[PDB]
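Visitor: One structure follows; several queries about it will come next.
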Amino acid sequence: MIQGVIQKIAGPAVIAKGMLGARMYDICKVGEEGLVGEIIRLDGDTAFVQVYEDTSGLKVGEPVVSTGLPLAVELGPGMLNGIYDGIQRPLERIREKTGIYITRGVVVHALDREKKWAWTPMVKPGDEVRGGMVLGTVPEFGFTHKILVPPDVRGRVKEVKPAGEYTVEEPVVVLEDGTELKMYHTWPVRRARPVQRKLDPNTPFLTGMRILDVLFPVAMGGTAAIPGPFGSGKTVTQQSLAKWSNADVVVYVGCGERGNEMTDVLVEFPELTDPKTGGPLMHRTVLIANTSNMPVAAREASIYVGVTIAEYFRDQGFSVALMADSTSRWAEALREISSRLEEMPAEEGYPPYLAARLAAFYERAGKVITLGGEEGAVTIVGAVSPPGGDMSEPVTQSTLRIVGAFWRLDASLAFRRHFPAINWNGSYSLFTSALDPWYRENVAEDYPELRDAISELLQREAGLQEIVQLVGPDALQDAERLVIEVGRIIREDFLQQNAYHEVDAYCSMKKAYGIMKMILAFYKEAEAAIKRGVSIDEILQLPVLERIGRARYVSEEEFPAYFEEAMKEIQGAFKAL
Amino acid sequence: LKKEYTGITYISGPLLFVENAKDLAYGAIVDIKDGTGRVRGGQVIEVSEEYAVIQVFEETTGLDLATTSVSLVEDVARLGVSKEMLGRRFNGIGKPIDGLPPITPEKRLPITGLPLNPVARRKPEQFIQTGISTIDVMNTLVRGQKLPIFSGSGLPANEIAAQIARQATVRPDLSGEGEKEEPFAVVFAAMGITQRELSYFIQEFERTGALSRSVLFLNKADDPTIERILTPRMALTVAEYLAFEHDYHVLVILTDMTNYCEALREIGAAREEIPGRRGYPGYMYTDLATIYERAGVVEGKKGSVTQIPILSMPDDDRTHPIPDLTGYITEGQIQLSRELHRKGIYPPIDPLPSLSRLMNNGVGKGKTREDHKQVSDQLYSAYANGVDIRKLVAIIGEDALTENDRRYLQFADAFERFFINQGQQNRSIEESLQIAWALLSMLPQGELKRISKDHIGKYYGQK
Amino acid sequence: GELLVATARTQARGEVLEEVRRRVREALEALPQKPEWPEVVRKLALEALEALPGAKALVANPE
Ligand SMILES: Nc1ncnc2c1ncn2[C@@H]1O[C@H](COP(=O)(O)OP(=O)(O)O)[C@@H](O)[C@H]1O
Ligand SMILES: [Mg+2]
């Protein structure tokens, strides 16, 4: 109770005097309608309060009533197949409460307080529970939602409720301390959830897209960042990531991005099907969505709510992927509120604690052994949008120092319709060497030397492009024009991948190993036949180049027949000279 | 006998002001006790007669004005140091992070360094083998030298960091015979690393046996930035202690000087002042000179400090201020390249833009071997005119070169994959030189114009 | 194996200093059972009000 009154209103920023004793980063109800705000920069008796909704029509002298706890999420069953705003309130309950417009002042609860889950316990009375141990089990859309002890709670079980239908809030396990455990618990969004151990990553994150899961792979507990100009193919890339990856659950954080490309996810996901199991796809994604014109302070809340939901489903034991886009819109939100604070800015206008908070967010990923004793992982894919289309920004060159796997979209490859628009020469990944033994185990034995041959063909092309733009394809020899043509046919028929053909929007690594092996076999025996003396210009018109070109369109079920057929024909096309 | 200044006002982001503190020195370290009891760290900037300012290290969350109190600790920042700390890991501030108990500090030292006296600094004279052949032959690290490694972004600079860490030794064989004892140490300051790179390092050190002579100052990225500023001070004062009071030859490896300079820029913006060129602070040159000029041999002292800082140039330019000022204090650079790395060559040093400004007074007769500088010059010029012949043959056609250019082509292409593509083996200096003469012996005698007559007489004609 | 010897030795040197810290802990915890307890309490309170100018209130135990 630090009940005080407003002194000054400006933008989304409310300086309230009369609040001595309120702490930093506390939930406040500003004004008569209970607009949620958070305390920063407190002095004297005052408190600078940012508000996650819009002050318009607030008047000075309205009361600010602090709560005394930081921004806390409710974590438990009933969040999958869900869509939330920045401070975790479901939008469809709002739509059933209000019209089609988001009206401020509305309070609903983040979980259903009526839906009856089917409890089954796994603790006898008298057991010793530490933090993170499972209590029991609830079925949910074909997932098996494991209800945990909160990470700060330790004691012995006084009583256990028997199995059967319950709501969320009923006390399912009561400890001997008098402490009662419901199906859910709150958590402060800025504090990383506790953990038993950090592992080191030796299992890739299979995206589905060929260039990502072959040339620049990313392991299961890996951060990965994707910058690009506007209209370059970021959001389509992350929708294909969230539509095809081999993760259990997927948290999509739309942090300051447009609404038609979130209604896309609401409308055309439940027609689809999860590839690992038989559920529909919308049963595995939680979707946090603070769009553009929804208020500007809540973007920070959006990024943190998404990452702490992902940490909850990691602690259960799942393997969560978090596609958070436009972290630079969150950096902009920080810039606007530091404008209101009249702090001094760093370079470009961003406040100085920007990189500290970006590190404090991206280090929250990474393939842990949980408190419960079973492993899990959060992988983070962060989209970065530069404000000039340059990678010399504070956001971009502070996000490339704390990630591996930096996939750098360009615009020339987007101006021609060549998708995905990955700039090969400036993208990289540091998860290759650790994913060597997994590839040698589960894909093929000679897989990494093959891929390094692809990499050195593309390097020799990017070496020769200097010369060929400085003279022409005139005056290149027989060998070097072949290197040009093989690099071009890789760029058109291995890396290039539309996401609208039904086949060839997912592409397993058996199929990508096949396509690389077809192009290496073609190249090798073509240079063998080019020392033996032919004209290259009739190598470049064989009826096998179209079949390697159409190799990517054929189905993942009828592929190995097609691969054996085209390897026979690629052996047989050159012996006819 | 603590003395809690309670009575604080104005917490803002990182800062908090204490009302009546005329006792705190400028630049003290302080405990900030919360309402509940978690203790944070802070450094005192801007002490004045009506308030004092504290920059809190970590997050400010539980803080209010009623129940919050600061307390002095160690009013100028010291490090408690022993000889014993040669198996230990630390986190910026200098607290053990491996479960072994705290050391018994036989001395305590101020972590900002006093500057050496140029009358009492003799010159760097003898070499230190790294095992990496493209270093040890063409641009030799000598003792008392600072030379950085200009990484890129995607390049494995951390892996070549660990390789020089677990592989460098001096070698008292090939000097004038010099008491083999000559103990050795690697101080390893990784500032601003990930978790992944940290688990990489504390497995890469533990597997060989090379943690029993090193010391690791590691901090992650989600640690306080002011700890990251304190880190190279800690490492250099342990190293300077060891080398000039217990006669060690210390090699100090400063990982990610870019992350140092970024933390320096953000703390300089927190100090409420105005930056300089390209947004980095004005005093950046002096603040890098403070932690590079703490290396070198000393007249009279047997010890020696050598310093490899490994830094990633931001957007691949040497005209950024970070590689600008670093190469403008340090001596030479060795420079990784994405081209050799994409062809798949480890370690991907190309020796054409690389340079050591102090090899020439470190190698030669009696120090390593007689022919060393001549071999290095001949390798450099022969690979350098092998490269442009390679670039030429993409339009000329291999027929229309002579015999001699063709031999340079084969030289370049076998050079960059037998001499550079080392793998993870250890090439002591004579194995490096015998591969050097085997590589030069794809050229005829008398094409080797730089080497004098006796070395061509004696070592030529191999492989 | 040498590093194993030295790490066993430093883990062994830790427990000596810890049991010394426990002895001094229980020593100045059982220190009310000595007749010079009043002189030392008198003395350190005198030092508290000594090294603080403008000292106003003291806080102690009723004992
Ligand atoms: N894999 C792909 N398959 C087909 N089309 C793509 C692919 N990737 C990007 N595109 C196209 O690129 C355009 C860019 O979309 P979007 O990702 O929203 O751009 P932005 O980079 O601004 O988010 C889309 O209209 C889409 O048609
Ligand atoms: Mg977009």
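By convention here, the chains of the structure tokens are called A, B, ... in the order presented, each chain's residues are numbered starting at 1, and ligands are numbered starting at 1 in the order presented.
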So that each row is one residue of chain C with an atom at most 12 Å from chain B, can you give its shortest atom pair and the distance in Å to one decimal, using only C-alpha atoms, rows by chain and rising number, as JSON lines?

Guide:
{"residue": "C:1", "atom": "CA", "partner": "B:209", "partner_atom": "CA", "distance": 9.4}
{"residue": "C:2", "atom": "CA", "partner": "B:212", "partner_atom": "CA", "distance": 8.7}
{"residue": "C:3", "atom": "CA", "partner": "B:212", "partner_atom": "CA", "distance": 6.2}
{"residue": "C:4", "atom": "CA", "partner": "B:212", "partner_atom": "CA", "distance": 9.7}
{"residue": "C:5", "atom": "CA", "partner": "B:212", "partner_atom": "CA", "distance": 11.2}
{"residue": "C:6", "atom": "CA", "partner": "B:87", "partner_atom": "CA", "distance": 9.1}
{"residue": "C:7", "atom": "CA", "partner": "B:100", "partner_atom": "CA", "distance": 8.2}
{"residue": "C:8", "atom": "CA", "partner": "B:100", "partner_atom": "CA", "distance": 9.9}
{"residue": "C:9", "atom": "CA", "partner": "B:100", "partner_atom": "CA", "distance": 10.8}
{"residue": "C:10", "atom": "CA", "partner": "B:101", "partner_atom": "CA", "distance": 7.7}
{"residue": "C:11", "atom": "CA", "partner": "B:100", "partner_atom": "CA", "distance": 6.5}
{"residue": "C:12", "atom": "CA", "partner": "B:101", "partner_atom": "CA", "distance": 9.6}
{"residue": "C:13", "atom": "CA", "partner": "B:101", "partner_atom": "CA", "distance": 8.7}
{"residue": "C:14", "atom": "CA", "partner": "B:101", "partner_atom": "CA", "distance": 5.9}
{"residue": "C:15", "atom": "CA", "partner": "B:101", "partner_atom": "CA", "distance": 8.9}
{"residue": "C:16", "atom": "CA", "partner": "B:101", "partner_atom": "CA", "distance": 11.2}
{"residue": "C:17", "atom": "CA", "partner": "B:104", "partner_atom": "CA", "distance": 9.7}
{"residue": "C:18", "atom": "CA", "partner": "B:101", "partner_atom": "CA", "distance": 9.6}
{"residue": "C:44", "atom": "CA", "partner": "B:1", "partner_atom": "CA", "distance": 9.5}
{"residue": "C:45", "atom": "CA", "partner": "B:1", "partner_atom": "CA", "distance": 10.8}
{"residue": "C:47", "atom": "CA", "partner": "B:1", "partner_atom": "CA", "distance": 9.4}
{"residue": "C:48", "atom": "CA", "partner": "B:1", "partner_atom": "CA", "distance": 8.0}
{"residue": "C:49", "atom": "CA", "partner": "B:1", "partner_atom": "CA", "distance": 11.5}
{"residue": "C:50", "atom": "CA", "partner": "B:1", "partner_atom": "CA", "distance": 11.8}
{"residue": "C:51", "atom": "CA", "partner": "B:1", "partner_atom": "CA", "distance": 9.7}
{"residue": "C:52", "atom": "CA", "partner": "B:3", "partner_atom": "CA", "distance": 9.1}

Visitor: Emit the selected residues as a compact mmCIF listing (two decimals), in the first residue's frame, including C-alpha atoms.

Guide:
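Saved as selection-v6.txt:
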# COMPACT_ATOMS: atom_id res chain seq x y z
CA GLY C 1 48.14 -36.80 -11.14
CA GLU C 2 50.31 -33.94 -9.85
CA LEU C 3 47.33 -31.58 -10.20
CA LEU C 4 45.29 -34.18 -8.32
CA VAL C 5 47.87 -34.07 -5.50
CA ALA C 6 47.80 -30.29 -5.32
CA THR C 7 44.02 -30.09 -5.45
CA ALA C 8 43.71 -32.61 -2.63
CA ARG C 9 46.23 -30.55 -0.71
CA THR C 10 44.43 -27.24 -1.18
CA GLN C 11 41.09 -28.84 -0.35
CA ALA C 12 42.85 -30.11 2.77
CA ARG C 13 44.23 -26.69 3.63
CA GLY C 14 40.73 -25.25 3.41
CA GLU C 15 39.27 -27.37 6.21
CA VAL C 16 41.95 -26.25 8.68
CA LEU C 17 41.07 -22.61 8.23
CA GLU C 18 37.37 -23.43 8.34
CA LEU C 44 33.19 -1.43 21.87
CA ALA C 45 30.16 0.75 22.56
CA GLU C 47 34.38 2.93 20.32
CA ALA C 48 31.10 3.17 18.38
CA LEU C 49 30.17 6.49 19.96
CA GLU C 50 33.84 7.44 19.57
CA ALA C 51 34.42 7.15 15.83
CA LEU C 52 31.13 8.82 14.80

Visitor: Please give the complete set of residues from chain C that DSSP, run on the backbone, assigns to alpha helix (DSSP H), formatted as a PDB file with N, CA and C atoms, in the first residue's frame.

Guide:
ATOM      1  N   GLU C   2      49.751 -35.018 -10.668  1.00  0.00           N
ATOM      2  CA  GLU C   2      50.307 -33.938  -9.852  1.00  0.00           C
ATOM      3  C   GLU C   2      49.248 -32.907  -9.492  1.00  0.00           C
ATOM      4  N   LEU C   3      48.433 -32.501 -10.477  1.00  0.00           N
ATOM      5  CA  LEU C   3      47.330 -31.583 -10.201  1.00  0.00           C
ATOM      6  C   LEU C   3      46.331 -32.192  -9.235  1.00  0.00           C
ATOM      7  N   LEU C   4      46.137 -33.510  -9.299  1.00  0.00           N
ATOM      8  CA  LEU C   4      45.288 -34.177  -8.317  1.00  0.00           C
ATOM      9  C   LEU C   4      45.884 -34.092  -6.915  1.00  0.00           C
ATOM     10  N   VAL C   5      47.209 -34.223  -6.801  1.00  0.00           N
ATOM     11  CA  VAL C   5      47.866 -34.073  -5.504  1.00  0.00           C
ATOM     12  C   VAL C   5      47.662 -32.668  -4.959  1.00  0.00           C
ATOM     13  N   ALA C   6      47.906 -31.661  -5.795  1.00  0.00           N
ATOM     14  CA  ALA C   6      47.799 -30.289  -5.317  1.00  0.00           C
ATOM     15  C   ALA C   6      46.359 -29.884  -5.058  1.00  0.00           C
ATOM     16  N   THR C   7      45.390 -30.465  -5.766  1.00  0.00           N
ATOM     17  CA  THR C   7      44.022 -30.085  -5.453  1.00  0.00           C
ATOM     18  C   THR C   7      43.526 -30.787  -4.202  1.00  0.00           C
ATOM     19  N   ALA C   8      44.025 -31.996  -3.914  1.00  0.00           N
ATOM     20  CA  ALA C   8      43.712 -32.611  -2.635  1.00  0.00           C
ATOM     21  C   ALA C   8      44.356 -31.833  -1.506  1.00  0.00           C
ATOM     22  N   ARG C   9      45.542 -31.289  -1.758  1.00  0.00           N
ATOM     23  CA  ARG C   9      46.233 -30.553  -0.714  1.00  0.00           C
ATOM     24  C   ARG C   9      45.564 -29.211  -0.444  1.00  0.00           C
ATOM     25  N   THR C  10      45.085 -28.512  -1.473  1.00  0.00           N
ATOM     26  CA  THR C  10      44.428 -27.240  -1.179  1.00  0.00           C
ATOM     27  C   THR C  10      43.032 -27.433  -0.614  1.00  0.00           C
ATOM     28  N   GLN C  11      42.343 -28.511  -0.999  1.00  0.00           N
ATOM     29  CA  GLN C  11      41.086 -28.840  -0.349  1.00  0.00           C
ATOM     30  C   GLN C  11      41.318 -29.248   1.101  1.00  0.00           C
ATOM     31  N   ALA C  12      42.494 -29.804   1.397  1.00  0.00           N
ATOM     32  CA  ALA C  12      42.853 -30.112   2.769  1.00  0.00           C
ATOM     33  C   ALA C  12      43.287 -28.886   3.548  1.00  0.00           C
ATOM     34  N   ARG C  13      43.884 -27.898   2.895  1.00  0.00           N
ATOM     35  CA  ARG C  13      44.235 -26.691   3.626  1.00  0.00           C
ATOM     36  C   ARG C  13      43.018 -25.840   3.911  1.00  0.00           C
ATOM     37  N   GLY C  14      41.942 -26.016   3.144  1.00  0.00           N
ATOM     38  CA  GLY C  14      40.731 -25.253   3.414  1.00  0.00           C
ATOM     39  C   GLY C  14      40.059 -25.620   4.726  1.00  0.00           C
ATOM     40  N   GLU C  15      40.017 -26.911   5.048  1.00  0.00           N
ATOM     41  CA  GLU C  15      39.269 -27.371   6.209  1.00  0.00           C
ATOM     42  C   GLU C  15      39.933 -26.973   7.517  1.00  0.00           C
ATOM     43  N   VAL C  16      41.249 -26.747   7.505  1.00  0.00           N
ATOM     44  CA  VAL C  16      41.953 -26.254   8.683  1.00  0.00           C
ATOM     45  C   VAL C  16      41.513 -24.838   9.006  1.00  0.00           C
ATOM     46  N   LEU C  17      41.472 -23.984   7.994  1.00  0.00           N
ATOM     47  CA  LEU C  17      41.068 -22.613   8.231  1.00  0.00           C
ATOM     48  C   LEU C  17      39.587 -22.520   8.526  1.00  0.00           C
ATOM     49  N   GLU C  18      38.790 -23.450   8.003  1.00  0.00           N
ATOM     50  CA  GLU C  18      37.372 -23.431   8.336  1.00  0.00           C
ATOM     51  C   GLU C  18      37.133 -23.862   9.777  1.00  0.00           C
ATOM     52  N   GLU C  19      37.866 -24.868  10.263  1.00  0.00           N
ATOM     53  CA  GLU C  19      37.671 -25.252  11.656  1.00  0.00           C
ATOM     54  C   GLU C  19      38.252 -24.213  12.606  1.00  0.00           C
ATOM     55  N   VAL C  20      39.269 -23.461  12.170  1.00  0.00           N
ATOM     56  CA  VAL C  20      39.711 -22.297  12.938  1.00  0.00           C
ATOM     57  C   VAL C  20      38.616 -21.241  13.001  1.00  0.00           C
ATOM     58  N   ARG C  21      37.945 -21.001  11.873  1.00  0.00           N
ATOM     59  CA  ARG C  21      36.839 -20.048  11.861  1.00  0.00           C
ATOM     60  C   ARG C  21      35.677 -20.528  12.727  1.00  0.00           C
ATOM     61  N   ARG C  22      35.466 -21.838  12.820  1.00  0.00           N
ATOM     62  CA  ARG C  22      34.412 -22.332  13.700  1.00  0.00           C
ATOM     63  C   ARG C  22      34.790 -22.177  15.170  1.00  0.00           C
ATOM     64  N   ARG C  23      36.070 -22.392  15.507  1.00  0.00           N
ATOM     65  CA  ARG C  23      36.511 -22.183  16.886  1.00  0.00           C
ATOM     66  C   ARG C  23      36.348 -20.737  17.307  1.00  0.00           C
ATOM     67  N   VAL C  24      36.726 -19.799  16.439  1.00  0.00           N
ATOM     68  CA  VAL C  24      36.600 -18.402  16.837  1.00  0.00           C
ATOM     69  C   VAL C  24      35.131 -17.985  16.841  1.00  0.00           C
ATOM     70  N   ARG C  25      34.307 -18.645  16.017  1.00  0.00           N
ATOM     71  CA  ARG C  25      32.872 -18.399  16.004  1.00  0.00           C
ATOM     72  C   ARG C  25      32.230 -18.792  17.323  1.00  0.00           C
ATOM     73  N   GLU C  26      32.421 -20.045  17.746  1.00  0.00           N
ATOM     74  CA  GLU C  26      31.886 -20.464  19.035  1.00  0.00           C
ATOM     75  C   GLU C  26      32.568 -19.766  20.206  1.00  0.00           C
ATOM     76  N   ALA C  27      33.798 -19.268  20.030  1.00  0.00           N
ATOM     77  CA  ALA C  27      34.469 -18.533  21.096  1.00  0.00           C
ATOM     78  C   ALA C  27      33.775 -17.211  21.378  1.00  0.00           C
ATOM     79  N   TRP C  37      33.405  -9.914  29.624  1.00  0.00           N
ATOM     80  CA  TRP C  37      32.263  -9.514  28.803  1.00  0.00           C
ATOM     81  C   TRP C  37      31.714  -8.110  29.085  1.00  0.00           C
ATOM     82  N   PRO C  38      31.524  -7.651  30.343  1.00  0.00           N
ATOM     83  CA  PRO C  38      31.062  -6.265  30.509  1.00  0.00           C
ATOM     84  C   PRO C  38      32.081  -5.243  30.092  1.00  0.00           C
ATOM     85  N   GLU C  39      33.361  -5.510  30.325  1.00  0.00           N
ATOM     86  CA  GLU C  39      34.364  -4.541  29.914  1.00  0.00           C
ATOM     87  C   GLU C  39      34.479  -4.470  28.398  1.00  0.00           C
ATOM     88  N   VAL C  40      34.340  -5.604  27.710  1.00  0.00           N
ATOM     89  CA  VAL C  40      34.467  -5.534  26.256  1.00  0.00           C
ATOM     90  C   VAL C  40      33.216  -4.911  25.619  1.00  0.00           C
ATOM     91  N   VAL C  41      32.019  -5.135  26.191  1.00  0.00           N
ATOM     92  CA  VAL C  41      30.805  -4.505  25.666  1.00  0.00           C
ATOM     93  C   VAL C  41      30.840  -3.000  25.899  1.00  0.00           C
ATOM     94  N   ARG C  42      31.220  -2.596  27.114  1.00  0.00           N
ATOM     95  CA  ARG C  42      31.498  -1.202  27.433  1.00  0.00           C
ATOM     96  C   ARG C  42      32.500  -0.592  26.465  1.00  0.00           C
ATOM     97  N   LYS C  43      33.542  -1.350  26.132  1.00  0.00           N
ATOM     98  CA  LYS C  43      34.636  -0.839  25.324  1.00  0.00           C
ATOM     99  C   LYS C  43      34.219  -0.613  23.879  1.00  0.00           C
ATOM    100  N   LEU C  44      33.541  -1.586  23.278  1.00  0.00           N
ATOM    101  CA  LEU C  44      33.190  -1.425  21.873  1.00  0.00           C
ATOM    102  C   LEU C  44      32.049  -0.442  21.687  1.00  0.00           C
ATOM    103  N   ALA C  45      31.153  -0.309  22.670  1.00  0.00           N
ATOM    104  CA  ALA C  45      30.155   0.748  22.562  1.00  0.00           C
ATOM    105  C   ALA C  45      30.798   2.116  22.693  1.00  0.00           C
ATOM    106  N   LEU C  46      31.831   2.213  23.532  1.00  0.00           N
ATOM    107  CA  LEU C  46      32.587   3.449  23.627  1.00  0.00           C
ATOM    108  C   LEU C  46      33.277   3.755  22.311  1.00  0.00           C
ATOM    109  N   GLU C  47      33.733   2.718  21.608  1.00  0.00           N
ATOM    110  CA  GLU C  47      34.383   2.935  20.315  1.00  0.00           C
ATOM    111  C   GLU C  47      33.377   3.337  19.236  1.00  0.00           C
ATOM    112  N   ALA C  48      32.156   2.799  19.316  1.00  0.00           N
ATOM    113  CA  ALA C  48      31.103   3.172  18.377  1.00  0.00           C
ATOM    114  C   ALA C  48      30.748   4.639  18.514  1.00  0.00           C
ATOM    115  N   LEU C  49      30.439   5.076  19.736  1.00  0.00           N
ATOM    116  CA  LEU C  49      30.175   6.493  19.960  1.00  0.00           C
ATOM    117  C   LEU C  49      31.427   7.347  19.828  1.00  0.00           C
ATOM    118  N   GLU C  50      32.600   6.723  19.808  1.00  0.00           N
ATOM    119  CA  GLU C  50      33.840   7.439  19.567  1.00  0.00           C
ATOM    120  C   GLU C  50      33.970   7.846  18.111  1.00  0.00           C
TER     121      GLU C  50
END

Visitor: So what do you get for atom CA of residue B:219 versus atom CA of residue B:186, distance-wise?

Guide: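 Computed distance, atom CA of residue B:219 to atom CA of residue B:186, equals 17.1 Å.
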
Visitor: Mind listing as a PyMOL selection string which residues of chain A are within 7 Å of chain B, counting only C-alpha atoms?

Guide: chain A and resi 21-25+40-44+200+344+346-347+352+356+359-360+363+402+428-429+455-456+459+475-477+480

Visitor: Please, could you write that set of residues out with N, CA, C and O atoms as a compact mmCIF listing (two decimals), in the first residue's frame?

Guide:
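Contents of part-v5.txt, freshly written:
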# COMPACT_ATOMS: atom_id res chain seq x y z
N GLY A 21 8.31 4.51 -0.30
CA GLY A 21 8.29 3.12 0.09
C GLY A 21 8.04 2.15 -1.04
O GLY A 21 8.22 0.95 -0.85
N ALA A 22 7.63 2.63 -2.20
CA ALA A 22 7.42 1.76 -3.34
C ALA A 22 8.77 1.42 -3.95
O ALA A 22 9.68 2.24 -3.93
N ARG A 23 8.90 0.21 -4.46
CA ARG A 23 10.20 -0.26 -4.91
C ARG A 23 10.33 -0.13 -6.40
O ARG A 23 9.38 0.20 -7.10
N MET A 24 11.53 -0.39 -6.89
CA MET A 24 11.79 -0.36 -8.32
C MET A 24 11.14 -1.54 -9.00
O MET A 24 11.12 -2.65 -8.46
N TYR A 25 10.58 -1.29 -10.18
CA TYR A 25 9.92 -2.28 -11.01
C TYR A 25 8.79 -2.96 -10.25
O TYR A 25 8.85 -4.14 -9.93
N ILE A 40 9.88 3.03 -12.47
CA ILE A 40 11.30 3.19 -12.69
C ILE A 40 11.66 4.55 -12.11
O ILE A 40 10.77 5.36 -11.86
N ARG A 41 12.94 4.78 -11.85
CA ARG A 41 13.51 6.11 -11.58
C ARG A 41 12.79 6.80 -10.42
O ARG A 41 12.04 7.75 -10.62
N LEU A 42 12.90 6.25 -9.23
CA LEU A 42 12.11 6.82 -8.16
C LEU A 42 12.99 7.72 -7.30
O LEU A 42 14.12 7.37 -6.99
N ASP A 43 12.47 8.89 -6.95
CA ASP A 43 13.23 9.81 -6.12
C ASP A 43 12.32 10.60 -5.19
O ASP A 43 11.11 10.66 -5.39
N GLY A 44 12.96 11.23 -4.21
CA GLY A 44 12.31 12.06 -3.24
C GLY A 44 11.22 11.31 -2.52
O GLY A 44 11.48 10.40 -1.74
N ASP A 200 26.30 -28.63 -22.96
CA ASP A 200 26.83 -28.07 -24.17
C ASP A 200 26.18 -28.74 -25.37
O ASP A 200 25.87 -29.93 -25.32
N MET A 344 20.65 10.66 -20.30
CA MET A 344 21.50 10.94 -21.44
C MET A 344 21.56 9.71 -22.34
O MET A 344 21.70 8.60 -21.84
N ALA A 346 23.06 7.12 -25.34
CA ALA A 346 24.30 6.62 -25.93
C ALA A 346 24.29 6.99 -27.41
O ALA A 346 23.57 7.91 -27.81
N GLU A 347 25.13 6.34 -28.20
CA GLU A 347 25.10 6.51 -29.65
C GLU A 347 23.74 6.12 -30.20
O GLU A 347 23.12 5.16 -29.73
N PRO A 352 21.96 3.56 -22.41
CA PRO A 352 23.20 2.78 -22.35
C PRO A 352 23.02 1.33 -21.93
O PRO A 352 23.85 0.50 -22.29
N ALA A 356 23.25 -4.45 -22.22
CA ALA A 356 23.15 -5.23 -21.00
C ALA A 356 21.85 -6.01 -20.96
O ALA A 356 21.84 -7.18 -20.59
N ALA A 359 21.97 -8.86 -23.66
CA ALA A 359 22.71 -10.01 -23.18
C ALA A 359 21.93 -10.75 -22.11
O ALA A 359 21.88 -11.98 -22.11
N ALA A 360 21.26 -10.01 -21.22
CA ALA A 360 20.47 -10.64 -20.18
C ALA A 360 19.27 -11.37 -20.73
O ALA A 360 18.73 -12.23 -20.05
N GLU A 363 21.14 -14.69 -23.04
CA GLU A 363 21.77 -15.73 -22.25
C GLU A 363 20.78 -16.60 -21.54
O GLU A 363 21.20 -17.41 -20.71
N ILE A 402 26.93 -11.53 -29.15
CA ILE A 402 26.47 -12.46 -28.14
C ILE A 402 25.73 -13.64 -28.74
O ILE A 402 25.12 -14.40 -28.01
N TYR A 428 27.11 -16.57 -40.85
CA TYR A 428 28.03 -17.55 -40.30
C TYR A 428 27.36 -18.36 -39.21
O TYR A 428 26.30 -17.99 -38.72
N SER A 429 28.01 -19.43 -38.80
CA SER A 429 27.50 -20.19 -37.68
C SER A 429 28.61 -20.90 -36.95
O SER A 429 29.43 -21.55 -37.58
N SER A 455 30.99 -25.58 -49.39
CA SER A 455 31.47 -24.29 -48.92
C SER A 455 32.66 -23.80 -49.72
O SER A 455 32.75 -22.61 -50.02
N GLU A 456 33.55 -24.69 -50.12
CA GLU A 456 34.69 -24.17 -50.86
C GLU A 456 34.36 -23.93 -52.32
O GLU A 456 34.98 -23.06 -52.93
N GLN A 459 33.01 -20.47 -52.03
CA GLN A 459 34.10 -19.53 -51.84
C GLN A 459 34.85 -19.27 -53.13
O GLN A 459 35.20 -18.12 -53.43
N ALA A 475 36.88 -14.34 -71.62
CA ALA A 475 38.26 -14.54 -71.17
C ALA A 475 38.36 -15.27 -69.84
O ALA A 475 39.40 -15.21 -69.17
N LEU A 476 37.33 -16.00 -69.42
CA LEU A 476 37.53 -17.03 -68.42
C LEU A 476 37.79 -18.35 -69.12
O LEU A 476 37.32 -18.58 -70.24
N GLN A 477 38.54 -19.22 -68.46
CA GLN A 477 38.96 -20.45 -69.10
C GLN A 477 37.86 -21.49 -69.06
O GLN A 477 36.71 -21.21 -68.73
N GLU A 480 37.20 -22.38 -65.07
CA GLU A 480 36.66 -21.36 -64.19
C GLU A 480 35.23 -21.01 -64.57
O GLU A 480 34.43 -20.67 -63.69

Visitor: For the contact check between stretch 225-296 of chain A and stretch 76-97 of chain A, emit one row per residue of stretch 225-296 of chain A within 9 Å, containing the shortest atom pair and the distance in Å rounded to one decimal, counting only C-alpha atoms, chain then rising number order, as CSV.

Guide:
residue,atom,partner,partner_atom,distance
A:249,CA,A:80,CA,8.3
A:255,CA,A:86,CA,8.4
A:266,CA,A:83,CA,8.7
A:281,CA,A:81,CA,8.9
A:282,CA,A:81,CA,5.5
A:283,CA,A:81,CA,4.8
A:284,CA,A:80,CA,6.0
A:285,CA,A:81,CA,5.9
A:286,CA,A:80,CA,5.1
A:287,CA,A:83,CA,4.6
A:288,CA,A:84,CA,4.7
A:289,CA,A:85,CA,5.3
A:290,CA,A:85,CA,5.4
A:291,CA,A:85,CA,8.6
